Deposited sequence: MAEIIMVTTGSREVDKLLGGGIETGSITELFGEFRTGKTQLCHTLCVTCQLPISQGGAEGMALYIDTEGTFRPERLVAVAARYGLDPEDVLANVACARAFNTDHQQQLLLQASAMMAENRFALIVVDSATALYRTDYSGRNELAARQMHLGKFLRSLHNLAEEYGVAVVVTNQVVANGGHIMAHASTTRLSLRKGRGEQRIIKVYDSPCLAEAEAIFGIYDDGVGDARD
């Protein structure tokens, strides 16, 4: 029931034992421009790839709280994997929620969508931009970390129930990965415990 979604980089997948595991929450920790969003975009297409190709053969649910979701990037990634861009764009559902009111309803909607159709990955970029304001939207939210914790708990339940991979990004069962900047435009990833170098290109995350 647990499948590994290729990250687009053989080295990274090798370190991750195949890639992003399904049925669990994988937290990506990294500063700005570490490739957290770019990684999510690549995964939103790889999740649709055939199992043989390291995919979960499923759709992707993208919860954008940073407003950095760009469907065009998915198209470029699709080209690399020889997948019809129209289909990949239709196989990725995205909800751009910055207010807590909408963010609070996304989980419920996600469950219904996953119950009605087959999804393989749920992306949350980013948890940092989540629950910034209170329910009214007028003020700051008290004890945000407590609210965020409950969100992740329910997200883990969806992960276990619908057996979908969940990648949650954080600026600066849960598998925690840290992202960093390499010698040049290369990136380094390692588990919080042994490191791998990957690159960010038009076609998306890859090796070298």
### Query
Which segments of the deposited sequence lack C-alpha coordinates in the modelled structure, numbering from residue 1?
1-2, 175-185, 207-212, 228-229
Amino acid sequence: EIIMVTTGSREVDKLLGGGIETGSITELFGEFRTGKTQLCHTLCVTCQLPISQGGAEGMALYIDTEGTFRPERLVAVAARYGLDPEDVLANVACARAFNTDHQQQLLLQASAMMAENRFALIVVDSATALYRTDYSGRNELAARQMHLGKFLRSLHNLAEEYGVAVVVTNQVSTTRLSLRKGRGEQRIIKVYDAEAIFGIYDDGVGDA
From here on, numbers count along this sequence of modelled residues.
#### Entry: Residue stretch of maximal mean CA temperature factor, 178-186 vs 49-57
178-186
### Task
Taking the chain's C-alpha temperature factors as the reference, tell me which third residue 42 falls into: lowest, middle or highest.
lowest
### Query
What third of its chain's C-alpha B-factors does residue 113 belong to: lowest, middle or highest?
middle
### Query
Thinking about Cα B factors across the chain, which third does residue 29 belong to?
middle
### Task
Quick one: classify residue 139 as lowest, middle or highest third of the chain based on its Cα B-factor.
highest
### Task
Just say lowest, middle or highest third for the CA B-factor of residue 173 relative to the other modelled residues in its chain.
highest
